[PDB]
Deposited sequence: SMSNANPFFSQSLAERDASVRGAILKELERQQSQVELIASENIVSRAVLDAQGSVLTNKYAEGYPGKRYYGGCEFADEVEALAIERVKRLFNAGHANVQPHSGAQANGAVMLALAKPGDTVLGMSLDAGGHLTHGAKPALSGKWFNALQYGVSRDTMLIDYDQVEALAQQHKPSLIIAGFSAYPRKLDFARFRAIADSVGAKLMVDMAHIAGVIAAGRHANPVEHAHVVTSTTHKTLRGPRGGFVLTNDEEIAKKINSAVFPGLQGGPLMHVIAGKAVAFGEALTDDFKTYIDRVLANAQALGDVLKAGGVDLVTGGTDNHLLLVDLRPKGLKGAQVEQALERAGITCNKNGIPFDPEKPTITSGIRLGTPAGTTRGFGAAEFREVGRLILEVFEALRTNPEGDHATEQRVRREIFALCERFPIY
């Protein structure tokens, strides 16, 4: 009988309502190709919007833990971190000493390894080379939005060779791993970290996995809490345990191949020449285009992505020679191969306009935007 309790946001707050509606329209009417973005289930929304917020100014945590352990075949889990970065931070604070040398990927004395200038593939001989050299206490695999498989066993071998622990940040590929469509790092790393959003299609947040009990205790110590968010994690982990999630990931992967092939046929390059996952790293050089200019034009055209510096990019970082695309969001809304090929066609249309007008072609962008709107309306969300 009390409106504080009875009335909706929509009924009470016109301005916020308006803002939410504009955001809904953004999500409904544009194609989201940002690789880290996704669209959560109504169930995850219900969790985040639950009365669990009114606490700790727990069953759901137990559920999240048991589910994630099952999902990734891990002996131990911590589902408390508020973010992937915070998970990573907790692990380092637990597995490393100040002044330690830590060897990580890039696409505490922080040392970086990357990919080969000539193949765009991970430098394993060179990762080892360099581990051997600098004697890191910790080696970190993953972390980077890399479009090819990671050889965790090889990473672990290298680790072992120099008396280092192996940490894997699977944040960019967690959903792929969960569906069994990528090697599971849990089987090879001393510790695994991840985000709960992105390809796991949950709320923003983190978690940590290990098979080692003593590592688990250190993790727990080194690591809110937002119980409604934890509920959301539980919901998402539960979803990922289902066959429907396996099918989702299957389509994500297939959709990335479809889109990638179209872009290549259309005369751009892909870093590493393709993908093993949901990620496409587009090299715009063959068309003499620039990352920032392309990102901007695509957005005007109703397609969102990220400019992206390619390995050994000849452009300064505010410019770049690439964009990064991912299929998770579009796949969630129901896109299949045909739809992603259409998206490709439209992207290529914008590319071609930019070749004679790098600053943008309004006419082309508008047409594309409208076609994007039409495509999206055939695949409604929420």
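Missing from the model, relative to the deposited sequence, are the ranges 1 to 4, 62 to 76, 127 to 144, 261 to 266.
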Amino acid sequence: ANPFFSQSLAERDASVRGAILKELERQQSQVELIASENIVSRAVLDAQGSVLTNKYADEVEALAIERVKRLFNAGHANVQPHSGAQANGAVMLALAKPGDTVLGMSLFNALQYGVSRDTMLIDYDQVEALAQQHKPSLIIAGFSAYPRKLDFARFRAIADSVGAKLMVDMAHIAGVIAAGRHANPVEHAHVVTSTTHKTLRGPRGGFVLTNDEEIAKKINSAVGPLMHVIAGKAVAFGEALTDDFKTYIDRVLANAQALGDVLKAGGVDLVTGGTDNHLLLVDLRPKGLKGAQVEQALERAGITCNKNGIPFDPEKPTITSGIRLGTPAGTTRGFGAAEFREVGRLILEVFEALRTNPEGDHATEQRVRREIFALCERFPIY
From here on, numbers count along this sequence of modelled residues.
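Of the two segments, 123 to 131 and 266 to 274, the one listed with the higher mean B-factor is 123 to 131 (C-alpha atoms only). For the segment pair 330 to 338 and 310 to 318, the entry gives 310 to 318 the higher mean B-factor, averaged over Cα atoms.
Per the deposited record, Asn357 carries the highest C-alpha B-factor of all listed residues (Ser29, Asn38, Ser41, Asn357).
Going by the entry's values, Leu107 shows the largest Cα B-factor out of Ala178, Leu281, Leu107, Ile303. Per the deposited record, the Cα B-factor of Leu253 falls in the lowest third when ranked against the other modelled residues of its chain. Looking at the C-alpha B-factors along this chain, the one for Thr247 belongs to the lowest third.
When the CA B factors of the chain's modelled residues are split into thirds, the value for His228 lands in the lowest one. Residue-level temperature factors show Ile20 in the lowest third of its chain, judged at the C-alpha atom. Among the modelled residues of the chain, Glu299 sits in the middle third by CA temperature factor in this PDB entry.
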